[PDB]
Amino acid sequence: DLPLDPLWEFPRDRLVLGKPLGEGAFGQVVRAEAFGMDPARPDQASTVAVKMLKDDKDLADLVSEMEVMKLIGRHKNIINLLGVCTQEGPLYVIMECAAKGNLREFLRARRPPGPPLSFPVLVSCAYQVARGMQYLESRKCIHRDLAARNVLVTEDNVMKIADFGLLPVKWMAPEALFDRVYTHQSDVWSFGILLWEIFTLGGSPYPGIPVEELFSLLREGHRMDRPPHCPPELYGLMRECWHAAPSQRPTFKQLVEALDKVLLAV
Ligand SMILES: C[C@@H](Oc1ccc2[nH]nc(/C=C/c3cnn(CCO)c3)c2c1)c1c(Cl)cncc1Cl
């Protein structure tokens with residue numbers, strides 16, 4: 001329909017698509033061979049991920065999303081926007097591609113047998129999501145879901161958060177679960193569930209509990225118990241992210257330091 005941004009408008013010509021990546025809600029995401037995304041060498045080649053429509057009000061959600069990534073600008077620990085294609089009809093959105101796709105899945109594959117993923121790599125995994133979440137808050141942006149299935153893993157073990165903006169109940173915080181309100185502190189709760197999702201090497205939160213009286217059990221103070229081999233400072237950090245009072249929940253800036261003071265044990 002509408003205009004063309006020289007800061008992001010890419011020629012469809014230099015972009016040969018490829019095989020999908022798999023979800024969902026807003027649109028389909030396919031691997032795609034884009035040529036010359038780095039204009040230093042226009043003969044270069046790389047593998048980027050492209051977002052399209054299936055066919056819709058989803059054309060408004062899709063554009064509303066594209067506009068927002070332009071706003072926040074680049075960053076390391078978030079999926080960065082690379083370019084777009086609105087010129088000749090169908091809307092393509094070109095962004096960074098993480099080959100080890102997805103976290104939650106990143107862990108359940110390197111999962112040892114029951115009794116590679118060393119401890120520091122896992123602190124690296126979380127400390128990156130910490131830095132990415134603080135950036136989103138500072139740009140006045142928000143990310144509600146925040147599961148280990150919303151964090152993508154680059155080729156180099158770099159964590160890039162997926163999706164942001166200005167049913168999955170085990171991750172939601174009380175005030176969002178019952179009052180339907182989301183603050184920066186509701187994310188700090190979700191990040192704690194994420195911390196637990198990692199040190200269990202991709203487990204399911206509150207294992208073996210029906211999603212339904214879960215609220216009553218949290219209405220008692222019963223948070224999940226220290227995963228095995230998780231050193232107490234980390235479970236100590238999860239309990240803080242699970243404090244019922246949001247004003248007693250840590251800010252993301254403090255989750256950066258605590259995790260950085262740990263990463264520095266080395
Ligand atoms: C719905 C999908 O959107 C995206 C958005 C940006 C992306 N940049 N790069 C990937 C690569 C995903 C991948 C890489 N390897 N594999 C094989 C897995 O079987 C899948 C990717 C996926 C998704 C997925 Cl597929 C996963 N988690 C979150 C999201 Cl949003």
# chains A, B, ... in the order shown; residues from 1 in each chain; ligands from 1

$ residues_near_ligand --ligand "ligand 1" --cutoff "8 Å" --atoms "only C-alpha atoms and all ligand atoms" --output "MDAnalysis selection string"
chainID A and resid 21:24 28:31 48:51 79 95:103 105 149:152 154 162:163

$ write_last_selection --atoms "C-alpha atoms" --output "PDB file, in the first residue's frame"
ATOM      1  CA  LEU A  21      11.368 -21.974  10.153  1.00  0.00           C
ATOM      2  CA  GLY A  22       7.961 -22.708  11.562  1.00  0.00           C
ATOM      3  CA  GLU A  23       5.690 -20.198  13.387  1.00  0.00           C
ATOM      4  CA  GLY A  24       3.327 -18.481  13.969  1.00  0.00           C
ATOM      5  CA  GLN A  28       5.371 -17.358   8.668  1.00  0.00           C
ATOM      6  CA  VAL A  29       9.174 -17.198   8.867  1.00  0.00           C
ATOM      7  CA  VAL A  30      11.387 -18.719   6.162  1.00  0.00           C
ATOM      8  CA  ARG A  31      15.122 -19.002   5.745  1.00  0.00           C
ATOM      9  CA  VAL A  48      18.905 -14.219   6.945  1.00  0.00           C
ATOM     10  CA  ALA A  49      15.382 -14.934   8.146  1.00  0.00           C
ATOM     11  CA  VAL A  50      12.396 -13.441   6.308  1.00  0.00           C
ATOM     12  CA  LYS A  51       8.876 -12.872   7.665  1.00  0.00           C
ATOM     13  CA  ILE A  79      16.937  -9.960  17.015  1.00  0.00           C
ATOM     14  CA  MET A  95      16.160  -9.899  10.128  1.00  0.00           C
ATOM     15  CA  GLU A  96      19.077 -11.683  11.693  1.00  0.00           C
ATOM     16  CA  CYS A  97      19.090 -15.477  11.528  1.00  0.00           C
ATOM     17  CA  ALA A  98      20.011 -17.653  14.523  1.00  0.00           C
ATOM     18  CA  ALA A  99      20.917 -21.119  13.256  1.00  0.00           C
ATOM     19  CA  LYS A 100      20.765 -23.037  16.499  1.00  0.00           C
ATOM     20  CA  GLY A 101      17.332 -21.654  16.436  1.00  0.00           C
ATOM     21  CA  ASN A 102      15.563 -21.356  19.707  1.00  0.00           C
ATOM     22  CA  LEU A 103      16.547 -21.854  23.220  1.00  0.00           C
ATOM     23  CA  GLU A 105      15.102 -26.461  22.224  1.00  0.00           C
ATOM     24  CA  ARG A 149      11.194 -20.376  23.607  1.00  0.00           C
ATOM     25  CA  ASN A 150      11.311 -16.640  22.789  1.00  0.00           C
ATOM     26  CA  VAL A 151      15.124 -16.434  23.000  1.00  0.00           C
ATOM     27  CA  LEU A 152      17.022 -17.477  19.868  1.00  0.00           C
ATOM     28  CA  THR A 154      22.969 -17.492  17.136  1.00  0.00           C
ATOM     29  CA  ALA A 162      12.518 -12.457  19.587  1.00  0.00           C
ATOM     30  CA  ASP A 163       9.573 -10.043  19.196  1.00  0.00           C
TER      31      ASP A 163
END

$ residues_around --residues "segment 118-134 of chain A" --least-positions-apart "4" --cutoff "7 Å" --atoms "only C-alpha atoms" --output "number ranges by chain"
A: 77-78, 138, 159, 161, 195, 198, 252-253, 255-256, 259-260, 263

$ write_last_selection --atoms "N, CA and C atoms" --output "CSV table (one decimal), in the first residue's frame"
chain,number,residue,atom,x,y,z
A,77,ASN,N,21.8,-8.4,21.9
A,77,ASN,CA,21.1,-9.5,22.5
A,77,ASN,C,19.6,-9.4,22.1
A,78,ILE,N,19.2,-8.7,21.1
A,78,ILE,CA,17.9,-8.8,20.5
A,78,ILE,C,18.0,-9.1,19.0
A,138,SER,N,14.5,0.2,28.6
A,138,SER,CA,15.0,1.6,28.6
A,138,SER,C,14.5,2.3,27.3
A,159,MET,N,22.6,-14.9,22.6
A,159,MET,CA,21.1,-15.0,22.8
A,159,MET,C,20.5,-13.7,22.2
A,161,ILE,N,16.8,-12.1,21.8
A,161,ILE,CA,15.4,-12.1,22.1
A,161,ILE,C,14.6,-11.9,20.8
A,195,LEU,N,15.4,-18.2,34.1
A,195,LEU,CA,16.5,-18.7,34.8
A,195,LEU,C,16.3,-20.2,35.2
A,198,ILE,N,16.6,-22.6,32.4
A,198,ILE,CA,17.9,-22.9,31.9
A,198,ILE,C,18.6,-23.9,32.7
A,252,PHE,N,15.9,-4.9,36.2
A,252,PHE,CA,16.8,-5.6,35.3
A,252,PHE,C,18.2,-5.2,35.4
A,253,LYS,N,18.5,-3.9,35.7
A,253,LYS,CA,19.8,-3.5,35.9
A,253,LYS,C,20.5,-4.3,37.0
A,255,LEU,N,19.7,-7.4,37.9
A,255,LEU,CA,20.0,-8.8,37.4
A,255,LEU,C,21.2,-8.8,36.5
A,256,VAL,N,21.6,-7.7,35.9
A,256,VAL,CA,22.8,-7.6,35.1
A,256,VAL,C,24.0,-7.7,35.9
A,259,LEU,N,24.4,-11.3,37.8
A,259,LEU,CA,24.9,-12.2,36.8
A,259,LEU,C,26.3,-11.9,36.3
A,260,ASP,N,26.6,-10.6,36.3
A,260,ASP,CA,28.0,-10.3,35.8
A,260,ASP,C,29.0,-10.6,36.9
A,263,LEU,N,29.4,-14.3,36.4
A,263,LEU,CA,30.2,-14.6,35.2
A,263,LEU,C,31.7,-14.3,35.4

$ select_by_dssp --residues "segment 151-239 of chain A" --states "strand (DSSP E or B)" --output "list in words"
residues 151, 152, 153, 159, 160, 161 and 165 of chain A

$ write_last_selection --atoms "C-alpha atoms" --output "mmCIF file, in the first residue's frame"
data_model
loop_
_atom_site.group_PDB
_atom_site.id
_atom_site.type_symbol
_atom_site.label_atom_id
_atom_site.label_comp_id
_atom_site.auth_asym_id
_atom_site.auth_seq_id
_atom_site.Cartn_x
_atom_site.Cartn_y
_atom_site.Cartn_z
ATOM 1 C CA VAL A 151 15.124 -16.434 23.000
ATOM 2 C CA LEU A 152 17.022 -17.477 19.868
ATOM 3 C CA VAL A 153 20.605 -18.764 19.815
ATOM 4 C CA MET A 159 21.134 -14.971 22.798
ATOM 5 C CA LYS A 160 18.839 -12.764 20.696
ATOM 6 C CA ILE A 161 15.359 -12.085 22.089
ATOM 7 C CA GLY A 165 6.470 -3.971 21.506
#

$ closest_residue --among "A:200, A:87, A:80, A:216" --to "residue 117 of chain A" --atoms "only C-alpha atoms"
A:200

$ residues_around --residues "residue 175 of chain A" --least-positions-apart "2" --cutoff "10 Å" --atoms "only C-alpha atoms" --output "ChimeraX atom specification"
/A:172-173,177-183,185-186,244-246

$ atom_distance --atom1 "atom CA of residue 57 of chain A" --atom2 "atom CA of residue 90 of chain A"
14.6 Å

$ residues_around --residues "residue 241 of chain A" --least-positions-apart "2" --cutoff "7 Å" --atoms "only C-alpha atoms" --output "PyMOL selection string"
chain A and resi 188-189+192+237-239+243+249-250

$ residues_around --residues "residue 212 of chain A" --least-positions-apart "5" --cutoff "10 Å" --atoms "only C-alpha atoms" --output "ChimeraX atom specification"
/A:169-170,217

$ closest_residue --among "A:207, A:39, A:27, A:227" --to "residue 60 of chain A" --atoms "only C-alpha atoms"
A:27

$ residues_around --residues "residue 1 of chain A" --least-positions-apart "3" --cutoff "12 Å" --atoms "only C-alpha atoms" --output "PDB file with C-alpha atoms, in the first residue's frame"
ATOM      1  CA  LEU A   4       9.311   3.152   1.024  1.00  0.00           C
ATOM      2  CA  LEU A  59      -1.063  -6.920   7.576  1.00  0.00           C
ATOM      3  CA  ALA A  60      -1.524  -4.228  10.245  1.00  0.00           C
ATOM      4  CA  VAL A  63       3.589  -3.406   9.636  1.00  0.00           C
ATOM      5  CA  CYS A  85      10.604  -5.158   1.064  1.00  0.00           C
ATOM      6  CA  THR A  86       7.397  -3.196   0.389  1.00  0.00           C
ATOM      7  CA  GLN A  87       8.106  -2.111  -3.176  1.00  0.00           C
ATOM      8  CA  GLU A  88       6.524  -4.685  -5.514  1.00  0.00           C
ATOM      9  CA  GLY A  89       3.553  -5.911  -3.498  1.00  0.00           C
ATOM     10  CA  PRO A  90       4.082  -8.685  -0.962  1.00  0.00           C
ATOM     11  CA  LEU A  91       5.653  -7.564   2.304  1.00  0.00           C
TER      12      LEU A  91
END

$ residues_around --residues "residue 10 of chain A" --least-positions-apart "5" --cutoff "10 Å" --atoms "only C-alpha atoms" --output "PDB file with C-alpha atoms, in the first residue's frame"
ATOM      1  CA  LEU A   4       9.311   3.152   1.024  1.00  0.00           C
ATOM      2  CA  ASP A   5      12.119   3.793   3.521  1.00  0.00           C
ATOM      3  CA  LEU A  15      16.898 -12.093  -2.064  1.00  0.00           C
ATOM      4  CA  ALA A  34      19.980 -12.543   0.816  1.00  0.00           C
ATOM      5  CA  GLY A  36      24.668  -7.954  -0.269  1.00  0.00           C
ATOM      6  CA  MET A  37      23.039  -7.228   3.083  1.00  0.00           C
ATOM      7  CA  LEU A  82      18.258  -5.818   8.627  1.00  0.00           C
ATOM      8  CA  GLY A  83      15.888  -4.679   5.866  1.00  0.00           C
ATOM      9  CA  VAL A  84      12.377  -4.743   4.422  1.00  0.00           C
ATOM     10  CA  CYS A  85      10.604  -5.158   1.064  1.00  0.00           C
ATOM     11  CA  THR A  86       7.397  -3.196   0.389  1.00  0.00           C
ATOM     12  CA  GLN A  87       8.106  -2.111  -3.176  1.00  0.00           C
ATOM     13  CA  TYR A  92       8.943  -9.194   3.338  1.00  0.00           C
ATOM     14  CA  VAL A  93      10.787  -8.399   6.590  1.00  0.00           C
ATOM     15  CA  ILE A  94      14.489  -9.301   6.747  1.00  0.00           C
TER      16      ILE A  94
END

$ atom_distance --atom1 "atom CA of residue 211 of chain A" --atom2 "atom CA of residue 228 of chain A"
23.0 Å

$ select_by_dssp --residues "segment 124-218 of chain A" --states "helix (DSSP H, G or I)" --output "count of residues only"
44

$ closest_residue --among "A:69, A:248, A:208, A:201" --to "residue 114 of chain A" --atoms "only C-alpha atoms"
A:201

$ closest_residue --among "A:41, A:52, A:202, A:190" --to "residue 110 of chain A" --atoms "only C-alpha atoms"
A:202

$ atom_distance --atom1 "atom CA of residue 171 of chain A" --atom2 "atom CA of residue 191 of chain A"
8.5 Å

$ decode --residues "segment 78-226 of chain A" --atoms "C-alpha atoms" --output "CSV table (one decimal), in the first residue's frame"
chain,number,residue,atom,x,y,z
A,78,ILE,CA,17.9,-8.8,20.5
A,79,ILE,CA,16.9,-10.0,17.0
A,80,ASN,CA,18.0,-6.9,14.9
A,81,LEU,CA,16.2,-5.7,11.8
A,82,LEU,CA,18.3,-5.8,8.6
A,83,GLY,CA,15.9,-4.7,5.9
A,84,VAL,CA,12.4,-4.7,4.4
A,85,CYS,CA,10.6,-5.2,1.1
A,86,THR,CA,7.4,-3.2,0.4
A,87,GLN,CA,8.1,-2.1,-3.2
A,88,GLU,CA,6.5,-4.7,-5.5
A,89,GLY,CA,3.6,-5.9,-3.5
A,90,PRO,CA,4.1,-8.7,-1.0
A,91,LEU,CA,5.7,-7.6,2.3
A,92,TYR,CA,8.9,-9.2,3.3
A,93,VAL,CA,10.8,-8.4,6.6
A,94,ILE,CA,14.5,-9.3,6.7
A,95,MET,CA,16.2,-9.9,10.1
A,96,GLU,CA,19.1,-11.7,11.7
A,97,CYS,CA,19.1,-15.5,11.5
A,98,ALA,CA,20.0,-17.7,14.5
A,99,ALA,CA,20.9,-21.1,13.3
A,100,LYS,CA,20.8,-23.0,16.5
A,101,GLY,CA,17.3,-21.7,16.4
A,102,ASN,CA,15.6,-21.4,19.7
A,103,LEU,CA,16.5,-21.9,23.2
A,104,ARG,CA,14.3,-24.1,25.1
A,105,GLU,CA,15.1,-26.5,22.2
A,106,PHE,CA,18.8,-25.5,22.3
A,107,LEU,CA,19.0,-27.1,25.8
A,108,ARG,CA,16.9,-30.3,25.4
A,109,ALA,CA,19.3,-31.4,22.6
A,110,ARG,CA,22.6,-31.0,24.4
A,111,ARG,CA,20.9,-32.4,27.5
A,112,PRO,CA,23.3,-35.2,28.8
A,113,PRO,CA,21.9,-38.5,29.8
A,114,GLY,CA,19.9,-38.3,33.0
A,115,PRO,CA,22.3,-38.0,36.0
A,116,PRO,CA,29.3,-29.0,26.3
A,117,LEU,CA,26.6,-27.2,28.3
A,118,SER,CA,29.0,-26.2,31.1
A,119,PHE,CA,27.9,-24.0,34.0
A,120,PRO,CA,29.5,-20.8,32.6
A,121,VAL,CA,27.8,-21.2,29.2
A,122,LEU,CA,24.5,-21.2,31.1
A,123,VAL,CA,25.4,-18.1,33.0
A,124,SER,CA,26.3,-16.6,29.6
A,125,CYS,CA,22.9,-17.7,28.3
A,126,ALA,CA,21.0,-15.8,31.1
A,127,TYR,CA,23.3,-12.8,31.4
A,128,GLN,CA,22.6,-12.1,27.7
A,129,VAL,CA,18.8,-12.2,28.2
A,130,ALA,CA,19.4,-9.9,31.2
A,131,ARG,CA,21.1,-7.3,29.0
A,132,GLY,CA,18.6,-7.7,26.2
A,133,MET,CA,15.6,-7.2,28.6
A,134,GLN,CA,17.1,-4.1,30.2
A,135,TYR,CA,17.6,-2.5,26.8
A,136,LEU,CA,14.0,-3.1,25.8
A,137,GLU,CA,12.8,-1.5,29.1
A,138,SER,CA,15.0,1.6,28.6
A,139,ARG,CA,13.7,2.1,25.0
A,140,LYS,CA,10.3,2.0,26.7
A,141,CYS,CA,9.6,-1.3,25.0
A,142,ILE,CA,8.1,-4.4,26.5
A,143,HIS,CA,8.1,-8.2,26.0
A,144,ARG,CA,5.4,-10.1,27.9
A,145,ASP,CA,5.8,-13.8,27.0
A,146,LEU,CA,9.6,-14.1,27.9
A,147,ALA,CA,10.1,-17.8,27.8
A,148,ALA,CA,13.1,-19.9,26.8
A,149,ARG,CA,11.2,-20.4,23.6
A,150,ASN,CA,11.3,-16.6,22.8
A,151,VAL,CA,15.1,-16.4,23.0
A,152,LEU,CA,17.0,-17.5,19.9
A,153,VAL,CA,20.6,-18.8,19.8
A,154,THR,CA,23.0,-17.5,17.1
A,155,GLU,CA,25.7,-19.5,15.5
A,156,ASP,CA,28.1,-18.3,18.2
A,157,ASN,CA,26.0,-19.0,21.4
A,158,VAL,CA,24.7,-15.4,21.4
A,159,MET,CA,21.1,-15.0,22.8
A,160,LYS,CA,18.8,-12.8,20.7
A,161,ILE,CA,15.4,-12.1,22.1
A,162,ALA,CA,12.5,-12.5,19.6
A,163,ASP,CA,9.6,-10.0,19.2
A,164,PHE,CA,8.9,-6.9,21.2
A,165,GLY,CA,6.5,-4.0,21.5
A,166,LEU,CA,5.8,-0.6,23.2
A,167,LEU,CA,-2.6,-19.0,27.7
A,168,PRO,CA,1.1,-19.4,28.6
A,169,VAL,CA,0.3,-19.3,32.2
A,170,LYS,CA,3.3,-20.9,34.0
A,171,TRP,CA,5.4,-17.8,33.0
A,172,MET,CA,2.9,-15.0,33.8
A,173,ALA,CA,3.2,-13.1,37.1
A,174,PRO,CA,0.2,-12.7,39.4
A,175,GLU,CA,-0.7,-9.1,38.6
A,176,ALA,CA,-0.8,-10.1,34.9
A,177,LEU,CA,-2.4,-13.4,35.6
A,178,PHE,CA,-5.3,-12.0,37.6
A,179,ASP,CA,-5.4,-8.2,37.2
A,180,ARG,CA,-4.3,-8.3,33.5
A,181,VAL,CA,-1.6,-5.7,34.1
A,182,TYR,CA,2.0,-5.8,32.8
A,183,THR,CA,4.9,-3.7,34.1
A,184,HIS,CA,8.7,-3.9,33.8
A,185,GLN,CA,8.4,-6.0,37.0
A,186,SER,CA,6.1,-8.6,35.5
A,187,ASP,CA,9.0,-9.3,33.1
A,188,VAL,CA,11.4,-9.7,36.0
A,189,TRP,CA,9.1,-12.5,37.1
A,190,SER,CA,9.1,-14.1,33.7
A,191,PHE,CA,12.9,-13.8,33.6
A,192,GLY,CA,13.0,-15.8,36.9
A,193,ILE,CA,11.0,-18.6,35.3
A,194,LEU,CA,13.6,-18.4,32.4
A,195,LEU,CA,16.5,-18.7,34.8
A,196,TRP,CA,14.8,-21.9,36.1
A,197,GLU,CA,14.2,-23.0,32.5
A,198,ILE,CA,17.9,-22.9,31.9
A,199,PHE,CA,19.5,-24.6,34.9
A,200,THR,CA,17.1,-27.5,34.5
A,201,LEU,CA,18.5,-27.7,30.9
A,202,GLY,CA,15.1,-27.0,29.3
A,203,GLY,CA,12.6,-28.4,31.8
A,204,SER,CA,8.9,-27.6,32.1
A,205,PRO,CA,8.0,-25.1,34.9
A,206,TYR,CA,6.1,-26.5,37.9
A,207,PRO,CA,6.5,-30.1,36.6
A,208,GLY,CA,3.5,-32.3,37.1
A,209,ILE,CA,1.1,-29.5,38.3
A,210,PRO,CA,-2.1,-28.8,36.4
A,211,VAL,CA,-2.0,-25.1,35.3
A,212,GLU,CA,-5.1,-24.5,37.5
A,213,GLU,CA,-4.8,-24.4,41.3
A,214,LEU,CA,-1.2,-23.2,40.5
A,215,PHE,CA,-2.6,-19.7,41.4
A,216,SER,CA,-3.7,-20.9,44.8
A,217,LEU,CA,-0.2,-22.5,45.4
A,218,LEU,CA,1.5,-19.3,44.5
A,219,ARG,CA,-1.1,-17.7,46.8
A,220,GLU,CA,0.7,-19.6,49.5
A,221,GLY,CA,4.4,-18.6,48.8
A,222,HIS,CA,5.3,-22.0,47.3
A,223,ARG,CA,7.8,-21.3,44.5
A,224,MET,CA,9.6,-24.1,42.7
A,225,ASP,CA,12.5,-25.7,44.5
A,226,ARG,CA,16.2,-25.2,43.7
